[PDB]
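Novice: just coords:
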Ligand SMILES: CCOc1cc(CSc2nc3ccc4ncsc4c3[nH]2)ncc1C
Ligand SMILES: [Mg+2]
Ligand SMILES: [Zn+2]
């Protein structure tokens with residue numbers, strides 16, 4: 001109970017910033033997550049014995065893929081930690097508990113292939129879950145790990161609080177399905193502008209949590225340029241493999257996944273920042289003003305990609 005996790009000074013300071021990189025030392029990542037749980041939630045939220053055993057089962061169930069791996073899980077959890085820390089009073093105890101676990105679990109057992117590829121392959125998961133295929137899988141896997149003997153970090157919640165936390169984690173994970181983001185943000189955009197946005201309305205909270213999940217999930221674009229640039233290599237490493245596998249099914253992949261169209265990456269990144277990233281962090285900044293550093297970081301990276309196209313780098 002009196003056992004705090006501590007970090008070295010540089011990490012202790014930088015971990016509070018939205019653009020923190022968790023570093024290349026894998027064996028530090030559990031401690032960083034537990035540190036974040038303790039400061040965001042309390043040293044009491046979870047029995048440490050059970051949280052540590054949960055963290056290591058979650059880690060085990062992430063695969064060795066270029067991007068959708070254990071590093072991504074902790075990265076996305078850190079972005080959520082920074083949102084929650086900069087919005088102290090706006091979220092319940094249950095929400096702070098649920099959302100960090102949701103982010104850690106959001107890509108459990110990812111194979112490095114999109115919902116599209118599972119459907120064209122005719123993967124069994126595409127028959128079990130017609131829409132948001134991987135995201136329903138990710139939640140399924142979260143439930144399974146929670147039900148391993150000694151792994152139920154929520155044991156000390158009431159029956160109703162336990163159903164509420166599982167429901168927060170379920171919506172949060174399904175929201176990471178980018179196909180659902182566009183509608184969710186348009187709806188939030190209308191509600192903020194016409195002035196009908198109400199954070200005591202559960203259906204509104206759900207939409208706002210959904211947008212946070214998208215923002216944490218895309219947070220690669222909100223780092224300093226060298227981190228953003230180096231992460232894109234891993235993102236494209238998965239996309240191009242999927243592209244290869246499309247060609248194996250006798251289907252021309254979209255240019256984003258065709259390694260023969262590497263040259264169009266800078267221009268494809270512009271459309272992605274303009275169509276997805278900037279609108280995401282803009283609506284989040286309007287709803288949660290303290291998350292503005294993410295919009296600024298995103299606009300900085302948009303500008304760095306504009307410079308790449310102009311041959312300046
Ligand atoms: C959820 C997807 O997240 C991403 C996705 C991407 C890739 S976006 C992207 N869109 C396109 C469109 C055409 C194209 N032609 C060659 S590369 C390329 C693209 N890359 N970068 C960063 C992040 C965080
Ligand atoms: Mg995902
Ligand atoms: Zn993700």
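Specialist: Perfect, I can see it now. Residues are numbered from 1 along each chain as shown. Ligands and ions are numbered 1, 2, ... in the order given.
Novice: For the residue of the stretch 151-300 of the chain found nearest ligand 3, which residues are in contact?
Specialist: Using Cβ to the ion, residue 217 is the residue of the stretch 151-300 of the chain that sits closest to ligand 3, at 4.5 Å. Bear in mind the C-beta positions are built from the backbone N, C-alpha and C, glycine included. If you count contacts by Cβ atoms under 8 Å, 6 or more residues apart in numbering, residue 217 has them with 76, 106, 176, 178.
Novice: try residue 186
Specialist: Residue 186 makes contact with no residue under the criterion Cβ under 8 Å, 6+ apart.
Novice: ok so, going back, where's the residue of the stretch 151-300 of the chain closest to ligand 3 relative to residue 23, distance?
Specialist: Distance of residue 217 to residue 23, given as Cβ to Cβ, to the nearest Å: 20 Å.
Novice: Ligand 2 contacts on this structure?
Specialist: Contact residues (Cβ under 5 Å from the ion) of the chain with ligand 2: 107, 176.
Novice: Look at the residue of the stretch 151-300 of the chain found nearest ligand 1 and give its secondary structure.
Specialist: Nearest to ligand 1, among the residues of the stretch 151-300 of the chain, is residue 268, at 2.3 Å (Cβ to the nearest ligand atom). Using DSSP: H, G, I helix; E, B strand; the rest coil, the structure places residue 268 in helix.
Novice: That one and residue 256 touch, don't they?
Specialist: Yes: Residue 268 lies in contact with residue 256 (Cβ atoms under 8 Å); the separation is 5.8 Å.
Novice: Pull the number of nearby residues for residue 195.
Specialist: 7 (other Cβ atoms under 10 Å).
Novice: How about the residues of the stretch 51-200 of the chain by ligand 1?
Specialist: The stretch 51-200 of the chain has residues residue 178 near ligand 1, with proximity defined as Cβ under 6 Å from any ligand atom.
Novice: how about the helices of the stretch 51-200 of the chain, start to end?
Specialist: For the stretch 51-200 of the chain, applying DSSP state H, counting those that start in this stretch gives helices covering 70-85, 93-105, 115-121, 124-128, 133-147, 159-175, 178-193.
Novice: Skipping its backbone neighbours, what lies nearest residue 307 in space?
Specialist: Closest residue in space to residue 307, ignoring its immediate chain neighbours: residue 313 at 5.7 Å, by Cβ to Cβ, 6 or more residues apart in numbering.
Novice: Quick check: the gap between the one you found and ligand 1.
Specialist: 17 Å (Cβ to the nearest ligand atom, to the nearest Å).
Novice: Tabulate the helices of the stretch 51-200 of the chain in JSON lines, adding columns for distance to ligand 3.
Specialist: Formatted as JSON lines, the helices of the stretch 51-200 of the chain follow (distance: least, Cβ to the ion, whole Å):
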{"stretch": "helix 70-85", "distance to ligand 3": "6"}
{"stretch": "helix 93-105", "distance to ligand 3": "9"}
{"stretch": "helix 115-121", "distance to ligand 3": "13"}
{"stretch": "helix 124-128", "distance to ligand 3": "17"}
{"stretch": "helix 133-147", "distance to ligand 3": "9"}
{"stretch": "helix 159-175", "distance to ligand 3": "10"}
{"stretch": "helix 178-193", "distance to ligand 3": "9"}
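Novice: Can you report how many residues lie near residue 126?
Specialist: 18.
Novice: Surely it is in contact with residue 133?
Specialist: Yes: between residue 126 and residue 133 there is a contact at 5.4 Å, judged by Cβ under 8 Å.
Novice: Show me whatever sits in contact with both of these two.
Specialist: By Cβ under 8 Å, 6+ apart, residue 126 and residue 133 have these common neighbours: 115, 118, 119.
Novice: Adding distance to residue 72, write those out as CSV.
Specialist: Output for the shared contacts of residue 126 and residue 133, formatted as CSV (distance: Cβ to Cβ, whole Å):
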residue, distance to residue 72
115, 17
118, 19
119, 23
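Novice: buried subset of those residues?
Specialist: With burial judged by 16 or more other Cβ atoms under 10 Å, the buried subset of these is 115, 118.
Novice: What is the nearest of the shared contacts of residue 126 and residue 133 to residue 195?
Specialist: residue 115 (35.1 Å; Cβ to Cβ).
Novice: give the contact list for the closest one.
Specialist: Each residue near residue 115 by Cβ under 8 Å, 6+ apart is listed here: 126, 131, 132, 133, 134, 177, 179.
Novice: Can you get me a residue count around the residue nearest to residue 12 when sequence neighbours are not counted?
Specialist: Using Cβ to Cβ, 6+ apart and skipping residues adjacent in sequence, the residue nearest residue 12 is residue 6, 7.3 Å away. Per other Cβ under 10 Å, the neighbour tally for residue 6 reads 9.
Novice: Residue 6 touches residue 28, doesn't it?
Specialist: No: Residue 6 is beyond contact range of residue 28, at 11.9 Å (criterion: Cβ under 8 Å).
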